[PDB]
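Participant: One structure, as structure tokens, below. Some questions next.
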Amino acid sequence: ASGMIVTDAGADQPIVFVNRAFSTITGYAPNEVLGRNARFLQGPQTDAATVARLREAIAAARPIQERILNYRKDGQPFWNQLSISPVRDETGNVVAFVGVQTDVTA
Amino acid sequence: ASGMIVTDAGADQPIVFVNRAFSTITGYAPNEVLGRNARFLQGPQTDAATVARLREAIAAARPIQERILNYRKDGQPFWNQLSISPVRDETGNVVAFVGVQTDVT
Ligand SMILES: Cc1cc2nc3c(=O)[nH]c(=O)nc-3n(C[C@H](O)[C@H](O)[C@H](O)COP(=O)(O)O)c2cc1C
Ligand SMILES: Cc1cc2nc3c(=O)[nH]c(=O)nc-3n(C[C@H](O)[C@H](O)[C@H](O)COP(=O)(O)O)c2cc1C
């Protein structure tokens, strides 16, 4: 099952909601992640160029898909097939971002 | 500011998250909507054909926009500029739905 993260649009995109599969994949409970930017999932082997592409896409409110190395709460690495999209109103204002995570390690 | 509703994908699409503006627009607090289908926002003068279009789009996980008459918690009608989209993983599985409201009354 794939994870889902909703963040606010502004203010460095704090997490406002996660689904159950996010906890299954990452080992973090909702309490441990609400109000934080999702970059705590990254670590030393995460590819910096991938991170840069995410950073630029989010700043532009452009959809993006990447495979990125992430880390569970206990430190276990896993490969995350990550898809992020803005949520827009009909006037084009960005209301939120949504991200979907799939553990593709295996 | 526009409202946002996130629902589960299956069963009857219960609400799992709303933003602040949802409460501003609708008058409902998060606690009183979580776990319910969003159709409680409809009422006597809501257009049935519009509801049916939403129903079919959600069943097929198709994006849709409608201007629909809804009712605040206090019973006051308002026009909701509603857009719904599915949230999918890369295999195409539907993870959730997202709806965005704009009060255009
Ligand atoms: C909705 C959403 C979900 C995200 N999910 C993840 C994720 O699962 N894993 C990850 O490494 N980064 C995720 N990010 C990306 C980071 O939050 C951050 O945007 C990225 O690392 C780029 O910024 P930075 O260089 O400021 O860290 C997500 C971002 C958003 C907006
Ligand atoms: C994410 C999402 C948000 C929705 N938001 C609204 C809304 O703001 N107002 C509304 O009248 N219906 C909304 N709906 C539609 C109803 O929940 C329901 O799908 C619709 O009335 C058709 O179904 P029915 O004939 O079974 O009621 C939303 C549905 C979803 C999945």
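Letters A, B, ... mark the chains of the structure tokens in the order given; residue numbers begin at 1 per chain; ligand numbers begin at 1, in order shown.
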Give the residues close to ligand 1, within 8 Å, counting only C-alpha atoms and all ligand atoms; write them as number ranges by chain.
Facilitator: A: 4-9, 12-15, 37-42, 46, 51-56, 58, 68-70, 80, 82-86, 96-101
Participant: What residues in range 4-34 of chain A get the DSSP label strand (DSSP E)? Please answer as a PDB file with C-alpha atoms, in the first residue's frame.
Facilitator:
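Below is the file that was written, selection_7.pdb:
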ATOM      1  CA  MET A   4       0.374   9.627   1.375  1.00  0.00           C
ATOM      2  CA  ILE A   5       1.578  12.905   2.858  1.00  0.00           C
ATOM      3  CA  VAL A   6      -0.324  16.225   2.677  1.00  0.00           C
ATOM      4  CA  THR A   7       1.605  19.398   3.407  1.00  0.00           C
ATOM      5  CA  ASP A   8       0.722  23.031   3.590  1.00  0.00           C
ATOM      6  CA  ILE A  15       3.173  17.973   7.064  1.00  0.00           C
ATOM      7  CA  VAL A  16      -0.519  18.250   7.952  1.00  0.00           C
ATOM      8  CA  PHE A  17      -1.764  14.688   7.312  1.00  0.00           C
ATOM      9  CA  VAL A  18      -0.365  11.226   6.683  1.00  0.00           C
TER      10      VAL A  18
END
Participant: When the cut-off is 8 Å and you count only C-alpha atoms and all ligand atoms, which residues lie near ligand 2, shown as JSON, numbers by chain?
Facilitator: {"B": [4, 5, 6, 7, 8, 9, 12, 13, 14, 15, 37, 38, 39, 40, 41, 42, 46, 51, 52, 53, 54, 55, 56, 58, 68, 69, 70, 80, 82, 83, 84, 85, 86, 96, 97, 98, 99, 100, 101]}
Participant: I need the residues from that last selection saved to file as a PDB file, in the first residue's frame (with C-alpha atoms), if you can.
Facilitator:
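Output saved as part_0.pdb:
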ATOM      1  CA  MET B   4      -9.701  21.236   0.937  1.00  0.00           C
ATOM      2  CA  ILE B   5     -11.134  17.826   1.800  1.00  0.00           C
ATOM      3  CA  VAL B   6      -9.142  14.579   1.652  1.00  0.00           C
ATOM      4  CA  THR B   7     -11.017  11.281   1.679  1.00  0.00           C
ATOM      5  CA  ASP B   8     -10.144   7.655   1.621  1.00  0.00           C
ATOM      6  CA  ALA B   9     -10.496   6.029  -1.776  1.00  0.00           C
ATOM      7  CA  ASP B  12     -17.865   5.375   0.888  1.00  0.00           C
ATOM      8  CA  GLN B  13     -14.978   7.941   0.722  1.00  0.00           C
ATOM      9  CA  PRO B  14     -14.957   8.997   4.381  1.00  0.00           C
ATOM     10  CA  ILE B  15     -13.278  12.337   5.103  1.00  0.00           C
ATOM     11  CA  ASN B  37     -18.948  11.176   3.345  1.00  0.00           C
ATOM     12  CA  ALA B  38     -19.005  14.794   2.222  1.00  0.00           C
ATOM     13  CA  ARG B  39     -22.583  14.565   0.918  1.00  0.00           C
ATOM     14  CA  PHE B  40     -23.864  15.944   4.217  1.00  0.00           C
ATOM     15  CA  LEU B  41     -23.035  19.280   2.600  1.00  0.00           C
ATOM     16  CA  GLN B  42     -25.930  18.798   0.188  1.00  0.00           C
ATOM     17  CA  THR B  46     -28.894  20.720  -4.555  1.00  0.00           C
ATOM     18  CA  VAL B  51     -24.635  14.961  -7.695  1.00  0.00           C
ATOM     19  CA  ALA B  52     -24.947  12.100 -10.176  1.00  0.00           C
ATOM     20  CA  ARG B  53     -22.021  13.463 -12.231  1.00  0.00           C
ATOM     21  CA  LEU B  54     -19.896  13.574  -9.070  1.00  0.00           C
ATOM     22  CA  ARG B  55     -20.962  10.051  -8.165  1.00  0.00           C
ATOM     23  CA  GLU B  56     -19.948   8.667 -11.551  1.00  0.00           C
ATOM     24  CA  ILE B  58     -15.656   9.265  -8.154  1.00  0.00           C
ATOM     25  CA  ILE B  68     -22.929  22.790  -6.617  1.00  0.00           C
ATOM     26  CA  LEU B  69     -25.341  24.190  -4.040  1.00  0.00           C
ATOM     27  CA  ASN B  70     -24.263  23.215  -0.540  1.00  0.00           C
ATOM     28  CA  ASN B  80     -19.468  25.624  -3.924  1.00  0.00           C
ATOM     29  CA  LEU B  82     -15.891  22.130  -6.279  1.00  0.00           C
ATOM     30  CA  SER B  83     -13.093  20.235  -7.917  1.00  0.00           C
ATOM     31  CA  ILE B  84     -12.264  16.599  -7.164  1.00  0.00           C
ATOM     32  CA  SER B  85      -9.295  14.563  -8.239  1.00  0.00           C
ATOM     33  CA  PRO B  86      -7.960  11.163  -7.419  1.00  0.00           C
ATOM     34  CA  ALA B  96      -7.256   8.959  -1.820  1.00  0.00           C
ATOM     35  CA  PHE B  97      -9.415  11.706  -3.286  1.00  0.00           C
ATOM     36  CA  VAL B  98      -8.813  15.427  -2.872  1.00  0.00           C
ATOM     37  CA  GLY B  99     -11.545  18.018  -3.178  1.00  0.00           C
ATOM     38  CA  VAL B 100     -11.119  21.776  -3.312  1.00  0.00           C
ATOM     39  CA  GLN B 101     -13.946  24.212  -2.466  1.00  0.00           C
TER      40      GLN B 101
END
Participant: As a PDB file with N, CA, C and O atoms, in the first residue's frame, list the residues of chain A assigned to alpha helix (DSSP H) by DSSP on the backbone atoms of this structure.
Facilitator:
ATOM      1  N   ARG A  20      -2.189   5.768   6.874  1.00  0.00           N
ATOM      2  CA  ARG A  20      -1.618   4.679   7.658  1.00  0.00           C
ATOM      3  C   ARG A  20      -0.405   4.056   6.999  1.00  0.00           C
ATOM      4  O   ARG A  20       0.591   3.723   7.655  1.00  0.00           O
ATOM      5  N   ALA A  21      -0.457   3.897   5.662  1.00  0.00           N
ATOM      6  CA  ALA A  21       0.673   3.269   4.939  1.00  0.00           C
ATOM      7  C   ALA A  21       1.918   4.079   5.088  1.00  0.00           C
ATOM      8  O   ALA A  21       3.021   3.517   5.104  1.00  0.00           O
ATOM      9  N   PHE A  22       1.835   5.416   5.213  1.00  0.00           N
ATOM     10  CA  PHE A  22       3.029   6.193   5.485  1.00  0.00           C
ATOM     11  C   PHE A  22       3.740   5.709   6.746  1.00  0.00           C
ATOM     12  O   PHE A  22       4.974   5.600   6.758  1.00  0.00           O
ATOM     13  N   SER A  23       2.982   5.416   7.791  1.00  0.00           N
ATOM     14  CA  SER A  23       3.588   4.889   8.995  1.00  0.00           C
ATOM     15  C   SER A  23       4.147   3.487   8.796  1.00  0.00           C
ATOM     16  O   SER A  23       5.228   3.153   9.316  1.00  0.00           O
ATOM     17  N   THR A  24       3.427   2.645   8.056  1.00  0.00           N
ATOM     18  CA  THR A  24       3.933   1.315   7.766  1.00  0.00           C
ATOM     19  C   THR A  24       5.281   1.383   7.031  1.00  0.00           C
ATOM     20  O   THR A  24       6.229   0.647   7.335  1.00  0.00           O
ATOM     21  N   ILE A  25       5.371   2.279   6.036  1.00  0.00           N
ATOM     22  CA  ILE A  25       6.587   2.379   5.235  1.00  0.00           C
ATOM     23  C   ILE A  25       7.736   3.008   6.018  1.00  0.00           C
ATOM     24  O   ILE A  25       8.865   2.554   5.927  1.00  0.00           O
ATOM     25  N   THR A  26       7.456   4.085   6.762  1.00  0.00           N
ATOM     26  CA  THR A  26       8.524   4.912   7.304  1.00  0.00           C
ATOM     27  C   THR A  26       8.851   4.624   8.751  1.00  0.00           C
ATOM     28  O   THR A  26       9.901   5.055   9.235  1.00  0.00           O
ATOM     29  N   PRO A  30       1.950   9.468  13.098  1.00  0.00           N
ATOM     30  CA  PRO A  30       1.550  10.873  12.751  1.00  0.00           C
ATOM     31  C   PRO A  30       2.130  11.900  13.701  1.00  0.00           C
ATOM     32  O   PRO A  30       2.638  12.952  13.262  1.00  0.00           O
ATOM     33  N   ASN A  31       2.029  11.658  14.998  1.00  0.00           N
ATOM     34  CA  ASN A  31       2.533  12.651  15.999  1.00  0.00           C
ATOM     35  C   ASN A  31       3.963  13.043  15.748  1.00  0.00           C
ATOM     36  O   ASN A  31       4.359  14.155  16.126  1.00  0.00           O
ATOM     37  N   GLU A  32       4.765  12.109  15.276  1.00  0.00           N
ATOM     38  CA  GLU A  32       6.193  12.328  15.132  1.00  0.00           C
ATOM     39  C   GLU A  32       6.535  13.147  13.911  1.00  0.00           C
ATOM     40  O   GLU A  32       7.698  13.537  13.765  1.00  0.00           O
ATOM     41  N   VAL A  33       5.564  13.376  13.005  1.00  0.00           N
ATOM     42  CA  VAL A  33       5.851  14.050  11.764  1.00  0.00           C
ATOM     43  C   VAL A  33       5.039  15.311  11.499  1.00  0.00           C
ATOM     44  O   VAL A  33       5.464  16.159  10.704  1.00  0.00           O
ATOM     45  N   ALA A  48      21.925  13.972  -3.700  1.00  0.00           N
ATOM     46  CA  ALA A  48      21.725  15.404  -3.598  1.00  0.00           C
ATOM     47  C   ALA A  48      21.095  16.031  -4.814  1.00  0.00           C
ATOM     48  O   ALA A  48      20.323  16.972  -4.693  1.00  0.00           O
ATOM     49  N   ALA A  49      21.409  15.495  -5.998  1.00  0.00           N
ATOM     50  CA  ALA A  49      20.830  16.031  -7.219  1.00  0.00           C
ATOM     51  C   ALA A  49      19.330  15.774  -7.247  1.00  0.00           C
ATOM     52  O   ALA A  49      18.542  16.609  -7.714  1.00  0.00           O
ATOM     53  N   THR A  50      18.928  14.605  -6.781  1.00  0.00           N
ATOM     54  CA  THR A  50      17.468  14.286  -6.685  1.00  0.00           C
ATOM     55  C   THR A  50      16.793  15.255  -5.752  1.00  0.00           C
ATOM     56  O   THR A  50      15.710  15.777  -6.055  1.00  0.00           O
ATOM     57  N   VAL A  51      17.401  15.497  -4.585  1.00  0.00           N
ATOM     58  CA  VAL A  51      16.847  16.448  -3.636  1.00  0.00           C
ATOM     59  C   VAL A  51      16.689  17.818  -4.258  1.00  0.00           C
ATOM     60  O   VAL A  51      15.692  18.519  -4.051  1.00  0.00           O
ATOM     61  N   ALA A  52      17.723  18.270  -5.008  1.00  0.00           N
ATOM     62  CA  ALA A  52      17.666  19.547  -5.679  1.00  0.00           C
ATOM     63  C   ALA A  52      16.521  19.639  -6.670  1.00  0.00           C
ATOM     64  O   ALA A  52      15.813  20.652  -6.745  1.00  0.00           O
ATOM     65  N   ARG A  53      16.297  18.568  -7.417  1.00  0.00           N
ATOM     66  CA  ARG A  53      15.156  18.571  -8.346  1.00  0.00           C
ATOM     67  C   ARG A  53      13.825  18.707  -7.584  1.00  0.00           C
ATOM     68  O   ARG A  53      12.930  19.429  -8.006  1.00  0.00           O
ATOM     69  N   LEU A  54      13.705  17.964  -6.467  1.00  0.00           N
ATOM     70  CA  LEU A  54      12.489  18.112  -5.639  1.00  0.00           C
ATOM     71  C   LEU A  54      12.320  19.516  -5.152  1.00  0.00           C
ATOM     72  O   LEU A  54      11.248  20.098  -5.208  1.00  0.00           O
ATOM     73  N   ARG A  55      13.408  20.094  -4.638  1.00  0.00           N
ATOM     74  CA  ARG A  55      13.363  21.436  -4.081  1.00  0.00           C
ATOM     75  C   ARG A  55      12.914  22.462  -5.124  1.00  0.00           C
ATOM     76  O   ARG A  55      12.043  23.321  -4.858  1.00  0.00           O
ATOM     77  N   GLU A  56      13.470  22.349  -6.318  1.00  0.00           N
ATOM     78  CA  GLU A  56      13.103  23.291  -7.383  1.00  0.00           C
ATOM     79  C   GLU A  56      11.654  23.100  -7.846  1.00  0.00           C
ATOM     80  O   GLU A  56      10.955  24.068  -8.110  1.00  0.00           O
ATOM     81  N   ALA A  57      11.199  21.843  -7.965  1.00  0.00           N
ATOM     82  CA  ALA A  57       9.842  21.593  -8.387  1.00  0.00           C
ATOM     83  C   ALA A  57       8.840  22.100  -7.402  1.00  0.00           C
ATOM     84  O   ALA A  57       7.836  22.732  -7.752  1.00  0.00           O
ATOM     85  N   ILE A  58       9.069  21.849  -6.121  1.00  0.00           N
ATOM     86  CA  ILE A  58       8.150  22.305  -5.091  1.00  0.00           C
ATOM     87  C   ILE A  58       8.104  23.815  -5.081  1.00  0.00           C
ATOM     88  O   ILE A  58       7.036  24.412  -4.957  1.00  0.00           O
ATOM     89  N   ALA A  59       9.258  24.482  -5.206  1.00  0.00           N
ATOM     90  CA  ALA A  59       9.274  25.932  -5.210  1.00  0.00           C
ATOM     91  C   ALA A  59       8.489  26.515  -6.348  1.00  0.00           C
ATOM     92  O   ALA A  59       7.926  27.600  -6.180  1.00  0.00           O
ATOM     93  N   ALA A  60       8.412  25.821  -7.475  1.00  0.00           N
ATOM     94  CA  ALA A  60       7.640  26.209  -8.652  1.00  0.00           C
ATOM     95  C   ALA A  60       6.232  25.673  -8.654  1.00  0.00           C
ATOM     96  O   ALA A  60       5.496  25.936  -9.613  1.00  0.00           O
TER      97      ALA A  60
END
Participant: If the cut-off is 7 Å, can you tell me the residues of chain B near chain A, counting only C-alpha atoms? I'd like them as a ChimeraX atom specification.
Facilitator: /B:2,17,89,95,100
Participant: For the residues in the current selection, export C-alpha atoms as a PDB file, in the first residue's frame.
Facilitator:
ATOM      1  CA  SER B   2     -10.110  27.672  -0.683  1.00  0.00           C
ATOM      2  CA  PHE B  17      -8.557  15.554   6.625  1.00  0.00           C
ATOM      3  CA  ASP B  89       0.441   5.844  -7.001  1.00  0.00           C
ATOM      4  CA  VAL B  95      -4.825   6.156  -2.686  1.00  0.00           C
ATOM      5  CA  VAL B 100     -11.119  21.776  -3.312  1.00  0.00           C
TER       6      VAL B 100
END
Participant: Give the answer as one residue: which of B:35, B:10, B:43, B:77 has the shortest atom-to-atom distance to residue 105 in chain B, using only C-alpha atoms?
Facilitator: B:77
Participant: To one decimal place in Å, what is the distance between CA of residue 22 in chain B and CA of residue 63 in chain B?
Facilitator: 19.9 Å
Participant: Nearest to residue 43 in chain A among A:103, A:11, A:74, A:66, with distances taken over only C-alpha atoms: which residue is it?
Facilitator: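 Of A:103, A:11, A:74, A:66, the one nearest residue 43 in chain A is A:74, counting only C-alpha atoms.
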